[PDB]
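First the structure, in the form of structure tokens, and then the observations on it.
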Amino acid sequence: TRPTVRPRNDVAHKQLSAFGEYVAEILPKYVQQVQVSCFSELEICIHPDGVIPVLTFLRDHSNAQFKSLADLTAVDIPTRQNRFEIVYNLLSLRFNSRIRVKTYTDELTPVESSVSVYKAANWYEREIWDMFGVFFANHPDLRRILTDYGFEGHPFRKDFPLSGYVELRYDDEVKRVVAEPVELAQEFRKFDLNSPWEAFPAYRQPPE
Amino acid sequence: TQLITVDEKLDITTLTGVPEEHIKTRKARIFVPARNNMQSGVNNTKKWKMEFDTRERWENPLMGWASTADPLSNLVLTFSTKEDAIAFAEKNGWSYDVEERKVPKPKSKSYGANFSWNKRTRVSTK
Amino acid sequence: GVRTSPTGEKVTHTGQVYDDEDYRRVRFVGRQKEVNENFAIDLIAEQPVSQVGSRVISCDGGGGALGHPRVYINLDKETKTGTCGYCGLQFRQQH
Amino acid sequence: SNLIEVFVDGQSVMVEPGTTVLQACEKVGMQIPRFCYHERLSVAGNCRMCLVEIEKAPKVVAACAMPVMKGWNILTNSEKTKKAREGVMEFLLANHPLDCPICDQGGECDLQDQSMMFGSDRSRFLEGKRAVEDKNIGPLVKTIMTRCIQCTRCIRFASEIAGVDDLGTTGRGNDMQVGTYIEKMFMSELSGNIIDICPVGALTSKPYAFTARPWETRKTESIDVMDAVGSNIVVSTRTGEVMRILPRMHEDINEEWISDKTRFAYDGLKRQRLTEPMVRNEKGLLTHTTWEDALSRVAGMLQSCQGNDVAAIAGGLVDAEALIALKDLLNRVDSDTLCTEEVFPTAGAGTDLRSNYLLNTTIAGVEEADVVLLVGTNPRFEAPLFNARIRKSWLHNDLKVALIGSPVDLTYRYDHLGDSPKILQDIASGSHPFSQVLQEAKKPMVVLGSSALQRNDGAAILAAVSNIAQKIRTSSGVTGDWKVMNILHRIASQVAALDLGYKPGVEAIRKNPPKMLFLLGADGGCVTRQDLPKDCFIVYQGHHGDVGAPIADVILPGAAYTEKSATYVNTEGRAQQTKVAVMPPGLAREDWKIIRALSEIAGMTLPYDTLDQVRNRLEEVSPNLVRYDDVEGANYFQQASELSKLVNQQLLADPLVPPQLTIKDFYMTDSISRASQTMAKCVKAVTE
Amino acid sequence: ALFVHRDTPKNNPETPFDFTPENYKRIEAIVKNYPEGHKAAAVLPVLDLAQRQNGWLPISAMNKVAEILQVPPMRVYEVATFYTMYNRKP
Amino acid sequence: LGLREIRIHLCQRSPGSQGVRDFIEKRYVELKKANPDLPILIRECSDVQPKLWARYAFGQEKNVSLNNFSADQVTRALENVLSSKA
Amino acid sequence: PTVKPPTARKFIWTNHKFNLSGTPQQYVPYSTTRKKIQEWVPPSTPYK
Amino acid sequence: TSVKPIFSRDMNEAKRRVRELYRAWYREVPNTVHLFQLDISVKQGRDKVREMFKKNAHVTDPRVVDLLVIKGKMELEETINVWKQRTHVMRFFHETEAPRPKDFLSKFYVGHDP
Ligand code: SF4
Ligand code: SF4
Ligand code: FES
Ligand SMILES: [K+]
Ligand SMILES: [Zn+2]
């Protein structure tokens with residue numbers, strides 16, 4: 001399997017597994033799962049009451065020093081009752097490593113804002129509000145950041161359509177750009193591309 | 001305490017920003033999709049889907065393209081179970097109806113039945 | 001091989017022409033209906049049937065990797081020629 | 001329990017004895033690749049794509065045919081299983097033509113898909129491929145035999161399910177060719193399902209050919225209405241246009257098959273359509289008009305009617321929503337004269353009890369029966385998948401079938417008792433030899449055709465068949481859960497029209513003719529203007545202009561079955577709803593919308609606005625019309641039998657002749673099939 | 001050499017073939033070698049008898065063997081194209 | 001003006017429909033002999049409560065619950081229906 | 001093309017046309033497909 | 001059914017926040033009509049505010065009306081500070097949109113929508 005297969009990094013896999021054990025036993029109040037991927041990335045899956053303790057630990061601990069918030073992300077998964085998956089990508093410059101911190105909420109439970117831990121998060125979780133509707137409690141200036149000013153709904157939710165609900169045009173009668181319900185001259189043609197045959201037997205979910 | 005008691009049905013229709021036309025007049029269909037009989041694979045029949053009623057698709061006067069005014073005409077969701085799908089439809093105020101999952105019944109396969117002594121299940125060729 | 005409706009409008013190789021009472025002829029008013037006059041069904045009909053001596057011939061449209069995928073055409077039917085599914089060139093077994 | 005323990009990749013699973021390796025791997029959620037295997041066909045074992053490793057066994061086994069021994073560990077993902085798969089896919093693709101762009105199976109090909117999933121990614125075949133001569137097997141199935149991988153699903157389908165035995169393999173070796181060997185035209189009633197079970201593009205749909213492509217199609221799950229089977233279908237559409245009709249799997253109805261009428265009559269759905277309202281002008285010709293003018297001219301004549309002055313015929317293709325719509329509308333006028341085209345006898349209980357007009361056993365109850373009596377039906381053409389269920393029970397359960405009627409071909413062998421209806425009186429006395437067979441039967445099953453009830457003595461035929469059913473069931477060793485009496489309908493609108501309380505047959509219109517007549521899709525020609533008074537006001541509400549439309553005063557364009565969500569009840573009492581695939585063309589509207597708008601114009605407004613409220617009304621009239629994919633059992637055969645013994649009707653001397661004797665009379669029965677050019681090619685091809 | 005058939009004036013289902021009466025007695029003797037219910041097992045010897053009578057098999061010997069054994073004609077066509085002794089050409 | 005149709009809904013197995021089932025087993029045959037041209041639509045279903053729908057002239061429908069009745073109470077309610085014509 | 005000429009084909013335009021946008025020879029789009037639904041034509045004879 | 005609140009423990013505090021948000025909008029409407037130089041009257045914009053508040057008058061969950069007050073404060077903050085333009089403020093008044101058919105019969109006349 002030499003030329004075309006990605007070579008596995010066993011050293012970093014073992015190191016990130018040991019550090020995941022370390023984080024799981026220092027913070028067992030909040031840590032739910034710890035998993036290391038096959039391409040050597042460490043995910044810490046936490047309870048959302050420990051956003052500030054887990055991130056402050058990873059920022060300030062002498063064996064962590066994850067001083068850099070790379071990215072902050074929600075993922076909408078509608079089949080879960082806590083459908084929003086808040087992902088924290090942290091970067092350690094001292095130990096040259098990355099860690100993923102993941103937690104959950106639904107549409108109504110707020111997540112505690114992490115601008116006291118990372119000032120990078122100020123626009124990121126504001127974008128998560130704008131795109132998903134995840135309210136972040138005790139945020140300095142939480143409002144929209146990317147959508148238009150009168151915009152209704154949260155576009156990156158998966159029950160939100162691709163073209164939205166309203167579209168704009170200029171109207172010469174009222175001398176004003178107006179919002180009218182969306183009508184496409186050509187509908188977005190949905191392609192059912194999924195193959196009816198299983199591709200990855202290692203990822204097979206067990207039957208009921 | 002820092003936990004309150006909400007005894008109400010979970011309804012977020014005011015928060016999703018969807019217009020009232022596409023909330024109260026749409027019918028979600030919750031179903032496991034049928035197997036494409038062009039194929040023997042069954043991997044597309046594993047998850048619950050939510051689609052909606054198909055509204056009008058008319059002809060573009062210029063190009064002949066398929067114009068639409070339905071925003072939810074391409075919206076297909078994917079659920080692990082039926083109950084997650086029903087909870088998502090009730091949470092968003094969508095009227096739904098649910099087809100139960102159709103599994104193929106177990107078959108009694110015998111290659112020896114093709115060459116029987118006294119039964120009609122002999123094959124005439126092979 | 002373009003032909004013309006009684007309204008004067010040209011007919012494409014599809015067969016498309018607007019009706020006499022269809023309003024969408026007003027888009028060509030003062031302008032032109034652009035058709036292509038090289039009909040492919042007429043041009044491939046002008047190619048002669050290739051006489052070959054084999055029972056199965058192959059066609060890739062000429063040019064190697066510049067044509068179409070190489071397909072193998074049976075020629076057992078003596079009533080009908082064997083036509084390529086891609087390029088439309090047709091073949092006949094000479095015996 | 002006698003379950004044995006086997007292992008699929010080490011995971012323990014308890015299977016029945018006789019289970020194959022493929023089914024044992026199916027029980028843990030793993031799908032072994034296959035090309036010749038199909039769970040409704042006999043096992044061939046001749047493509048070797050299912051070759052799996054049993055551990056501690058130095059030879060891969062054919063998982064479709066090998067029974068699991070106790071203690072086997074099936075290695076579905078081992079190295080030599082994968083080497084077997086890649087080698088067999090290499091040999092499958094060695095002589096396979098490079099036709100994937102010009103192939104209609106492309107994108108929905110099993111050979112493509114599990115070449116991606118299980119094959120290698122390149123070729124070692126440096127030779128010249130073979131080319132197979134194409135066969136001409138009819139106007140329906142396009143045949144390009146170079147793409148054939150010789151899986152013999154053809155021959156097994158046509159031999160076992162279609163019951164034809166006229167496909168086979170000629171030749172030997174790599175020259176082995178699948179075909180008929182002669183210029184033969186494979187025209188069964190189920191002949192288009194070899195398109196479905198051909199895994200490759202060797203058998204495609206000739207009407208669907210070149211037009212669409214599977215990823216861009218929108219799969220809408222709907223119901224067949226061409227017959228009373230209630231076959232569950234996928235109407236696949238692309239950009240607001242219907243492209244084809246594929247089956248859905250439903251184990252109790254149509255297992256995964258459909259008839260050729262169901263599969264190929266969708267192009268009558270885009271010809272001859274009623275798109276705009278029409279009224280008669282000053283010259284007496286039909287001219288286009290608005291909905292306001294047409295509904296006002298209908299409502300002005302409706303307000304001038306009362307009692308038997310307004311009537312309504314329901315045609316073959318009408319949903320229960322429009323049925324209860326026009327019923328409620330005409331009952332606001334106090335008119336009960338609501339009729340169907342298909343005559344069902346009203347003597348005795350009539351349509352009061354559901355048990356004397358349903359297929360009371362089930363379609364799936366054919367699998368449980370051991371003796372079947374078929375009276376006056378040709379179930380091959382009246383209901384082809386009910387016949388397919390009878391042939392499957394004939395084949396697998398050694399079912400005894402007997403027919404009373406004309407000796408039609410049924411694709412199996414039956415004891416032909418004769419065609420005279422006096423045989424029904426002989427079986428009801430016991431002096432006939434088949435009566436003792438019915439008495440000794442554990443689960444007997446007597447099916448009366450609804451085309452036998454079209455005769456003038458249909459009430460006597462129904463009474464005789466019910467007499468046989470009650471002479472069996474109340475006396476012999478029939479259990480009691482088992483239903484014996486059955487009626488096979490042929491019309492999709494019929495059973496829901498009987499549940500809603502229509503008077504079956506048009507005798508109540510010939511008895512006292514109205515000065516205004518509604519025709520919900522009524523194209524049977526049962527009541528023409530020679531039967532009405534001088535100027536009857538005929539309102540045709542339909543989707544095709546076939547028979548009822550050229551004699552109508554106001555034409556109301558309605559939706560077809562692909563164009564509306566709409567409740568249809570099959571021949572066994574299972575209520576089912578279609579879904580909107582496309583919208584109706586032009587100004588055509590949904591049918592109960594038209595009737596409700598007519599009631600609002602006339603000032604007799606119906607108390608429903610949305611489809612859900614129509615279905616609340618439909619539940620009020622009979623609550624099993626809204627319980628979808630549910631067969632509700634109907635008791636009280638004894639009371640219907642006691643009511644049937646009151647008026648002694650006599651049998652006519654005419655023999656039982658079903659109207660559909662050969663494949664010629666199959667393809668055109670209703671307004672969509674008669675408008676179909678594909679069905680016209682089918683009829684022209686089977687006559688020559 | 002072709003494993004499909006086309007109707008020629010020398011070879012069509014209206015080409016006259018019939019067994020001689022002593023060949024009918026030999027067919028009776030062939031069929032009485034097999035169990036009741038499996039008369040279809042006599043396809044190969046009766047078709048070989050048809051070839052030994054006629055010299056080759058037109059597609060009327062195949063249809064006659066299909067008729068007198070009550071088997072489908074495709075199941076005689078399969079046997080005649082499978083085995084190399086049956087001369088489908090004169 | 002007068003009665004047009006009677007609809008009777010019931011379950012096949014529920015104990016609330018026991019009186020309706022015992023009505024239809026015994027008294028329906030002489031009911032239909034006494035009412036030869038009246039449609040009496042017995043419509044069994046799976047989980048419904050028993051119900052007596054009576055449609056009069058001009059679309060007017062009265063609705064009578066037959067839940068947990070005996071056969072005698074069903075006979076009395078149905079003869080009240082047949083005697084009313086209201 | 002004086003040295004290495006383009007390969008001649010019978011369908012290539014012998015007369016090159018420049019950008020005709022803004023002229024009466026400009027391109028006007030239209031649907032190249034035919035009518036999908038065929039309508040019922042009612043009979044031109046009376047019905048009495 | 002033990003959920004973490006947003007701002008309000010129950011519906012009385014929630015209605016207090018609804019009431020203060022309505023007070024803030026009612027004070028703001030004359031300034032919005034002035035500085036955006038809208039062609040509406042102050043009474044007309046106040047009727048639109050009352051319409052938007054009566055639109056959500058069915059909600060019985062404290063967290064949902066906490067989010068409604070939060071989004072109303074965000075709309076107010078985009079309107080007081082001139083972040084919206086005149087077009088965003090006039091998008092509440094659907095002026096270029098045709099009046100939709102309301103009853104059954106006119107919806108039947110124009111098309112297939114229920
Ligand atoms: S049958 Fe499948 S593999 Fe063969 S040409 Fe068609 S799409 Fe390609
Ligand atoms: S044509 Fe298709 S179904 Fe028939 S044997 Fe060949 S590959 Fe199989
Ligand atoms: S699937 Fe077992 S060999 Fe074809
Ligand atoms: K196929
Ligand atoms: Zn070619």
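In each ligand, atom 1 is the first atom listed, and ligand 1 is the first ligand listed. The chains referred to below are lettered A, B, ... by the order of the sequence lines, with proteins before strands, and numbering in each begins at 1.
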Hydrogens and angles aside, do [X] and [Y] bring a side-chain donor and acceptor to less than 3.5 Å of each other?
X	Y	result
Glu256(D)	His38(D)	yes
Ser42(D)	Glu160(D)	yes
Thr76(D)	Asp9(D)	yes
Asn95(D)	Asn174(D)	yes
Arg35(B)	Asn37(B)	yes
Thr170(D)	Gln177(D)	no

Quiz item: Do the ring planes of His68(C) and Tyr86(C) sit parallel (below 30°), tilted (30 to 60°) or perpendicular (above 60°)?
Solution: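 Parallel, since the angle between the ring planes stays under 30°.
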Practice problem: Please confirm if an N, O or S atom belonging to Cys47(D), backbone or side chain, lies less than 2.8 Å from atom 4 (Fe) of ligand 3. | Solution: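 Under 2.8 Å: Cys47(D) contacts atom 4 (Fe) of ligand 3 through an N, O or S atom.
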Exercise. Please determine if atom 4 (Fe) of ligand 3 has an N/O/S atom from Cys36(D) lying under 2.8 Å away.
Key: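 Short answer: yes, at least one N, O or S atom is under the cut-off.
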Quiz item: Taking everything shown except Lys105(B) itself, do over 12 heavy atoms lie less than 6.0 Å from its NZ?
Solution: yes
Quiz item: So does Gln51(C) have more than 12 non-hydrogen atoms from other groups sitting under 6.0 Å from CD?
Solution: yes
Below 4.0 angstrom from a heavy atom of [X], which ligand 3 atoms are there? Numbered from 1 as shown, please.
X	value
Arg34(D)	1 (S)
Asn46(D)	3 (S)
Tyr37(D)	1 (S)
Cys50(D)	1 (S), 2 (Fe), 3 (S)

Shortest protein contact, [atom] (heavy atom only):
atom	value
atom 6 (Fe) of ligand 2	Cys148(D) SG, 2.3 Å
atom 4 (Fe) of ligand 2	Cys154(D) SG, 2.3 Å
atom 5 (S) of ligand 2	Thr152(D) N, 3.1 Å
atom 3 (S) of ligand 3	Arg48(D) N, 3.1 Å
atom 8 (Fe) of ligand 2	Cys151(D) SG, 2.3 Å

Self-check item: ligand 3 contact on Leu22(D) by region, counting heavy-atom pairs under 4.0 Å
Solution: neither
As an exercise, identify every atom of ligand 2 less than 4.0 angstrom from a heavy atom of [X].
X	answer
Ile149(D)	7 (S)
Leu203(D)	1 (S)
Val200(D)	7 (S)
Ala202(D)	1 (S)
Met145(D)	1 (S)

Practice problem: Output yes if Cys198(D) passes the N/O/S-under-2.8 Å test against atom 2 (Fe) of ligand 2; output no otherwise. | Solution: yes
Quiz item: Contact between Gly45(D) and ligand 3, counting heavy atoms under 4.0 Å?
Solution: yes
Quiz item: Under 4.0 Å between a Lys/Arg side-chain N and an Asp/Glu carboxylate O for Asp196(D) and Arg263(D)?
Solution: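 Looking at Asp196(D) and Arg263(D), the cut-off is met.
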Exercise. Report yes or no: is the cationic atom of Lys142(D) (NZ for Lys, CZ for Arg) closer than 6.0 Å to the six-membered ring centre of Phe210(D), at no more than 45° off its axis?
Key: yes
Quiz item: Centre of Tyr412(D)'s six-membered ring, under 6.0 Å away, within 45 degrees of the axis: is that where NZ or CZ of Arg391(D) sits?
Solution: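 Pair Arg391(D)/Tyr412(D) does not count as cation-pi.
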